[PDB]
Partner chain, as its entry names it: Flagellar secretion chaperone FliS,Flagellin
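The form deposited without its partner chain is given below as one chain in structure tokens.
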């Protein structure tokens, strides 16, 4: 029967991030035995904490025999956000598009980006490389997949608890800033929401001094988190601009129509809603614009009117997450702009 008696320590609280693993994958993820995957995960977490501005939650790993021996699952708050296979004794050969040829093993697709690839035996490692393929080991596949997911759900992985944690970290470097800012001027809720909207659109939040000072300035006369988000953005323009347009190069961007922005801008006032027809119009055209830029080699950046950006981003992104939506009040003052793509009368 159930040897010991049941207690409250038998209640398992859900995890922010977690991974379920087949039994063949227990070795790499093993605690005792330096878990090959464990260290990769530590690396991934640190890199996120230094590039994005916040430590992702610990990844809770537990085996689950109902799963295929080599399968693994990645969960967020208990729900599956990803899953794949990884065969220990093997290596994965992924084609970047460049390399050519075919190899033995099992045919599949890189979990992250989604490139064709093949699973091969330890032996053929060399050939796979001479033939061009990028060769990584089983544990690495998983780390790559996990890293892709943390990036993708970076906004959701950032909760009230992480907000507080960041706030504490900032306090221990700039005591002044924080101290009397929250719950005083800004509430944790508003802080958390603003920071989330920033991560939501890939804007790093490492520059807390700028963000906190900007809120300290406007919070008093503006409490809407959506509003504050817009302000903090321009306040961060030098970073945002430099992010997608490194160096003193020329800023090649996508632009919408002049009559179109009137269409949108007008309906913006009348009710916080939107009407069909137009919906699919944009989504369609836009998709085409990305490709023009794609072919050209320029960033998937769409520069548009300030009052627009908010709903134009939250609209075209819940479809084309790959698209960046900057405001004209965000792009740096002294940059050479060239609207090298549009959304006109075709």
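Positions refer to the first chain, counted from 1.
What comes next is about the form deposited with its partner chain bound, which is not displayed.
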Answer key: of 152, 210, 129, 187, within 4.5 Å of its partner chain in the deposited complex (heavy atoms) is 129
Quick one: from 115, 267, 81, 239, grab the residue that has a heavy atom within 4.5 Å of its partner chain in the deposited complex. 115
Candidate stretches 160-168, 224-232, 198-206, 131-139 - the one whose heavy atoms come within 4.5 Å of its partner chain in the deposited complex: 131-139
Does the 4.5 Å heavy atom contact test between residue 261 and its partner chain in the deposited complex come out positive? no
Wondering, does residue 220 line up within 4.5 Å of its partner chain in the deposited complex on heavy atoms? no
Determine whether any heavy atom of residue 88 comes within 4.5 Å of a heavy atom of its partner chain in the deposited complex, and answer yes or no. no
Can residue 111 be called a contact residue for its partner chain in the deposited complex at 4.5 Å between heavy atoms? yes
Does the trio 243, 306 and 325 actually contact its partner chain in the deposited complex, every residue with a heavy atom within 4.5 Å? no
Near its partner chain in the deposited complex, with a heavy atom at 4.5 Å or closer, the residues from 140-173 are 140, 141, 143, 144, 147
